[PDB]
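Below is one structure, written out as structure tokens; comments come after it.
Just so it is clear, none of the values below were taken in a lab; they were calculated from the coordinates. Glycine gets a Cβ as well: all are built from the backbone with ideal geometry, and neighbour counts include every protein chain shown.
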Amino acid sequence: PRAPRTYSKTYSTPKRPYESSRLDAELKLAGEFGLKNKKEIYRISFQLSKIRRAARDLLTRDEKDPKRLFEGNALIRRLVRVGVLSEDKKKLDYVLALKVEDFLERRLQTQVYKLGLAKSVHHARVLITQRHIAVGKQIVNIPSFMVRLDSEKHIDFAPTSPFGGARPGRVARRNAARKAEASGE
Amino acid sequence: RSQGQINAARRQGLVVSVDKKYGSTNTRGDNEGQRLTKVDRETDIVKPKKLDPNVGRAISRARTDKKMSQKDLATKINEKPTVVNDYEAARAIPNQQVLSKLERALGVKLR
Amino acid sequence: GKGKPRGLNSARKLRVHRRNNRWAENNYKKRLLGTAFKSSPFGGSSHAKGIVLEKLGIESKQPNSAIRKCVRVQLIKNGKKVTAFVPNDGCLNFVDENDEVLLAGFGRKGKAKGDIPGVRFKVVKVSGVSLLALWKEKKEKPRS
Amino acid sequence: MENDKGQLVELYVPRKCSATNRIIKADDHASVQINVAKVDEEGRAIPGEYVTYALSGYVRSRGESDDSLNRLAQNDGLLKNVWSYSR
Amino acid sequence: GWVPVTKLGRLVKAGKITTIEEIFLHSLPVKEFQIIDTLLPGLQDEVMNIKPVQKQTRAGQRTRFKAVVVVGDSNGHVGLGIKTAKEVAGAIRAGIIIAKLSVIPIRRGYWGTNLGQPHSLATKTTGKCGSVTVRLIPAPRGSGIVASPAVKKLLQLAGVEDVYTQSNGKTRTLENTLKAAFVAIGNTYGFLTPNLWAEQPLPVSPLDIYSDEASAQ
RNA sequence: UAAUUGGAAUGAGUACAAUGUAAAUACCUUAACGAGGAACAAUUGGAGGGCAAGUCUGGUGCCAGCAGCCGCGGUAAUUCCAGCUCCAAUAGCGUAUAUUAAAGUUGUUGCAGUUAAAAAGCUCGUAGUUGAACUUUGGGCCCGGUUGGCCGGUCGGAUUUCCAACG
């Protein structure tokens with residue numbers, strides 16, 4: 001009798017289960033991006049299929065429809081802000097050409113790797129979830145953070161993390177401890 | 001080959017050698033797949049890796065006279081008990097995968 | 001043309017004609033006759049518990065020549081007697097008379113499966129544990 | 001057919017039958033391109049200067065190819081009192 | 001290498017005809033495949049089905065292998081050829097030759113406002129071959145080819161970016177479905193849109209201009 | 001085909017505290033401990049086709065069993081029981097029943113009825129469904145013609161403009 005909590009699922013399983021085209025198209029999306037499983041790839045195509053349904057709905061409507069104009073710019077400026085639509089590609093005919101590749105680029109698990117400091121795309125994944133990377137002032141350990149356009153200057157090591165200073169962690173701290181009790185005294 | 005450069009050469013380029021392999025995934029390796037063309041285009045007879053002169057004689061005893069039988073030995077390397085039979089003295093064309101499992105299952109370091 | 005009415009004031013004829021021809025459909029009839037409640041051995045349920053009465057051997061139909069090792073079971077909630085197949089080998093040793101088995105459908109929604117003639121059910125649990133566990137020696141049948 | 005900037009697309013524009021105004025497809029092998037010589041004083045058909053008619057393979061199969069050229073050439077002055085409008 | 005026997009073959013070998021749209025505009029019957037190897041290079045092929053057909057005899061069964069192959073470069077041109085032969089290898093080689101000679105143009109268009117380089121078909125087109133009808137519907141941008149994995153694979157080589165399909169009949173007969181889709185895309189230039197209402201001056205055939213190069217010596 | 005080695009990082013957990021809370025638990029913080037194959041060890045179903053992945057080995061011998069379907073097994077089993085290897089999804093995966101898509105196999109869109117299932121033996125006939133044609137054009141401005149002439153330029157036809165209205 002308390003009001004319900006809305007919830008939804010954020011992915012979709014493909015219709016035909018065993019392909020050789022789709023199953024091997026995961027070469028890029030799992031080895032070249034360093035991903036857990038196919039649900040991280042099914043998640044992206046779900047949002048991307050959610051985008052085209054709204055865009056197809058708008059294109060059917062008349063040009064200079066106030067509904068087309070309002071939700072059109074809103075859909076563009078949301079996709080511009082996260083950096084999946086390029087700086088001037090801003091047209092509803094180009095959000096339909098938007099593919100799965102330039103969503104995984106904007107993930108923080110790759111944006112760490114492209115901005116140096118990671119030396120592997122799934123060395124970055126380990127560093128993120130080990131509470132090392134902070135955006136602005138906030139530590140994030142979610143590898144699917146989907147950074148914005150005014151945020152790439154703010155991926156840096158955390159003020160708490162050992163690689164951002166602040167008294168290195170329990171491995172080196174204990175390792176220096178046993179040389180203190182063996183060599184120091 | 002194996003992690004020597006395939007991560008070091010992937011510094012923000014992410015595509016050099018990303019093509020698909022031959023594609024069996026349970027059929028054995030292509031260690032003679034190069035030699036298979038050479039015996040196909042050369043219009044004469046060529047000798048196929050003739051014999052096993054001392055890797056037969058010496059390593060049959062070190063493997064099998066120790067404890068084991070070929071019916072046992074071929075069962076742990078997963079080959080028919082006549083395959084090991086023709087690796088005993090002579091009369092085989094030695095391929096790499098069978099001779100590798102022969103080595104790692106019974107230790108004697110003769111290739 | 002086309003044998004059906006087309007006039008704009010003819011929705012009643014099309015609606016009653018669709019209704020009469022729905023009865024030729026196999027599952028529409030069973031949904032609206034309640035055949036699952038009255039006629040099916042399970043009372044329109046996925047599963048039912050039973051009581052084992054006898055071990056049966058049923059000859060497999062052509063072109064197979066095996067003996068299928070099933071049992072005869074009487075249900076609790078209905079009292080009806082059904083024949084249920086006992087899966088992969090050694091499980092007929094794990095089942096005995098009066099073990100209070102649990103039954104499921106045999107895959108084909110009320111039809112026989114494979115070369116077994118006239119068996120629409122299979123045993124899932126015996127004595128309340130499993131058959132997978134007993135077959136894989138993961139659990140033990142209670143002493144009864 | 002063109003894009004927004006007027007640049008032409010549709011890699012070829014097909015011929016059309018001069019009798020029934022229908023597209024000659026790339027696989028209409030019964031279609032025919034009739035070439036008729038142009039003439040001047042004292043005969044002497046000029047080489048390489050034509051009067052051209054295209055007939056689709058539909059028309060020729062129907063048997064209308066003769067009656068079509070009688071109309072198609074009388075209206076161009078190639079004939080007189082051969083084709084009549086009123087049947 | 002290639003000694004042409006056809007008048008059209010001589011003009012292509014002599015370089016007097018340099019585009020295949022010259023053949024398609026004049027409906028010229030292509031009789032030898034080396035015409036359109038030197039006129040549409042970079043035209044890949046792929047074999048879509050190998051299945052056996054048998055004729056029974058007094059002594060035994062006569063089995064031989066039917067091959068369905070499709071060709072198309074990636075832009076505007078499609079070819080479908082079917083051939084049976086005693087060997088699988090020979091049927092694929094001979095099927096490719098038949099596939100090339102049946103190359104046709106597809107007409108591509110816009111589902112909506114035209115923003116260059118058409119992605120979809122110009123019209124709704126259907127094609128039937130032996131109880132299998134394949135309908136092709138224009139689709140908005142970003143839809144892709146929505147088709148069966150064999151029919152989609154023929155429209156990939158066609159050059160169609162976005163298209164819908166319906167289907168009917170026994171589509172598990174793979175030969176009749178591909179033949180029905182081949183008819184459906186070949187009818188794209190069959191349909192006369194209002195773009196094409198304008199009159200044209202009926203150009204002169206290259207076999208009729210370059211007559212003494214085509215003629216044998 | 002691994003196979004021997006190194007320093008780095010971390011939380012799952014154990015917890016001073018504080019925070020949280022009506023009081024607690026838990027989360028979010030955080031002192032102190034907390035990783036080297038023995039563990040702090042991921043499973044669930046599959047490997048003939050549909051359908052991705054072994055014609056590798058041992059056992060059985062139309063037996064045991066598998067198998068949604070086609071099929072496998074009668075002494076060289078790619079299909080059973082195993083070992084190895086591999087595939088699929090993954091903290092989830094299989095099984096059963098129902099239901100929706102598939103299904104243009106319920107068809108208004110949109111089925112089929114000569115021979116595959118299906119045109120009442122034939123005709124009349126009420127409800128129902130369906131039913132030939134016919135009854136006048138006021139605002140202004142830009143565009144195309146079709147008639148009407150002021151206009152021929154010209155060796156019976158050749159361009160159109162200013163003006164009606166003619167829709």
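Assorted remarks:
- Looking only at the range C:73-99, and only at residues there that are in contact with a helix residue (DSSP H, G or I) (Cβ under 7 Å, 6 or more places away or on another chain) and farther than 11 Å from C:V123 by Cβ, the one that is farthest from RNA strand F (Cβ to nearest atom): C:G90
- Criterion (crowded, with 16+ Cβ neighbours inside 10 Å, out of contact with any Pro (no Cβ under 7 Å at 6 or more places or on another chain) and either farther than 21 Å from D:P14 by Cα or away from chain A (no Cβ under 14 Å) (or both)) met by exactly one of E:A198, E:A147, E:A216: E:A147
- Against the conditions (1) crowded, with 16+ Cβ neighbours inside 10 Å; (2) closer than 30 Å to C:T35 by Cβ, C:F94 satisfies every one except (2).
- Test result for E:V160, touching a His at 6+ places or on another chain (Cβ under 8 Å), of a type outside the set (D, E) and more than 14 Å from chain A (Cβ to nearest Cβ): yes
- Leading residue by the ranking (farthest from A:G116 (Cα to Cα)) among those in the range B:1-41 that are within 16 Å of RNA strand F (Cβ to nearest atom) and of a type in the set (K, R): B:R28
- Scanning the range C:73-84 turns up at least one residue that is surrounded by 13 or more Cβ atoms within 10 Å (Cβ to Cβ) and touching a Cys at 6+ places or on another chain (Cβ under 7 Å).
- Here the condition is being more than 14 Å from chain E (Cβ to nearest Cβ), touching a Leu at 6+ places or on another chain (Cβ under 9 Å) and either surrounded by fewer than 13 Cβ atoms within 10 Å (Cβ to Cβ) or on the phi < 0 side of the Ramachandran plot (or both); of D:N70, D:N75, it holds for D:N70 alone.
- Checking each residue in the range C:73-94 for being part of a strand (DSSP E or B) and among the aromatic types (F, W, Y) picks out only C:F85.
- The residues of the range A:23-56 that are within 14 Å of chain E (Cβ to nearest Cβ), within 14 Å of RNA strand F (Cβ to nearest atom) and in contact (Cβ under 8 Å) with a residue 40 or more places away in the chain amount to a single one, A:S45.
- The set of residues in the range D:37-58 being touching a strand residue (DSSP E or B) at 6+ places or on another chain (Cβ under 9 Å) and of a type outside the set (G, A, S) consists of D:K38, D:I46, D:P47, D:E49, D:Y50, D:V51, D:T52, D:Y53, D:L55.
- Look at (1) touching a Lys or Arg at 6+ places or on another chain (Cβ under 8 Å); (2) in contact (Cβ under 8 Å) with a residue 40 or more places away in the chain and you find that A:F103 fails only one, number (1).
- Residue list for the range C:20-72, filter: part of a helix (DSSP H, G or I) and more than 7 Å from RNA strand F (Cβ to nearest atom): C:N20, C:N26, C:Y28, C:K29, C:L32, C:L33, C:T35, C:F37, C:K38
- Selection from the range A:106-123 of residues that are within 16 Å of RNA strand F (Cβ to nearest atom), closer than 14 Å to A:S144 by Cβ and either surrounded by fewer than 15 Cβ atoms within 10 Å (Cβ to Cβ) or more than 12 Å from the chain's Cα centre (by Cα) (or both): A:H122
- Restricting B:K76, B:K67, B:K49, B:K80 to residues that are at positive phi and among the charged types (D, E, K, R) narrows the list to B:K49.
- For the range E:97-130, a tally of residues being touching a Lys or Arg at 6+ places or on another chain (Cβ under 6 Å) and within 29 Å of E:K83 (Cα to Cα) returns 3.
- Per-region count, the range E:13-45, residues among the hydrophobic types (A, V, I, L, M, F, W, C) and away from chain D (no Cβ under 11 Å): 8
- Test: residue in the range B:13-24 that is touching a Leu at 6+ places or on another chain (Cβ under 9 Å), in contact (Cβ under 8 Å) with a residue 24 or more places away in the chain and surrounded by 10 or more Cβ atoms within 10 Å (Cβ to Cβ): no
- Within the range A:57-101, tally of residues that are within 14 Å of chain E (Cβ to nearest Cβ), charged (D, E, K, R) and within 18 Å of A:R148 (Cβ to Cβ): 2
- Only strands (runs of 3 or more DSSP E) whose full extent lies in the range E:116-200 are considered here, and the ones with at least 3 residues that are under 18 Å from the mean Cα position of the chain (by Cα) and over 26 Å from A:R16 (Cα atoms) are E:125-129.
- Residue count for the range C:100-128 under the criterion of being in a loop (DSSP other than H, G, I, E, B), in contact with a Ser or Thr (Cβ under 9 Å, 6 or more places away or on another chain) and near RNA strand F (Cβ under 7 Å from one of its atoms): the result is 4.
- When the test is whether a residue is within 29 Å of E:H77 (Cβ to Cβ), more than 14 Å from chain E (Cβ to nearest Cβ) and surrounded by fewer than 11 Cβ atoms within 10 Å (Cβ to Cβ), D:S61 passes it.
- Checklist (1) within 12 Å of the chain's Cα centre (by Cα); (2) touching a residue at least 24 places away in the same chain (Cβ under 8 Å); (3) not in a loop (DSSP other than H, G, I, E, B) applied to D:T52, failing item: (2)
- Selected residue (criterion: surrounded by the most Cβ atoms within 10 Å (Cβ to Cβ)) from residues of the range A:138-177 that are aromatic (F, W, Y) and more than 10 Å from RNA strand F (Cβ to nearest atom): A:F145
- So A:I128, is it in a loop (DSSP other than H, G, I, E, B), under 24 Å from A:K28 (Cα atoms) and either away from RNA strand F (no atom under 11 Å from the Cβ) or under 23 Å from the mean Cα position of the chain (by Cα) (or both): no
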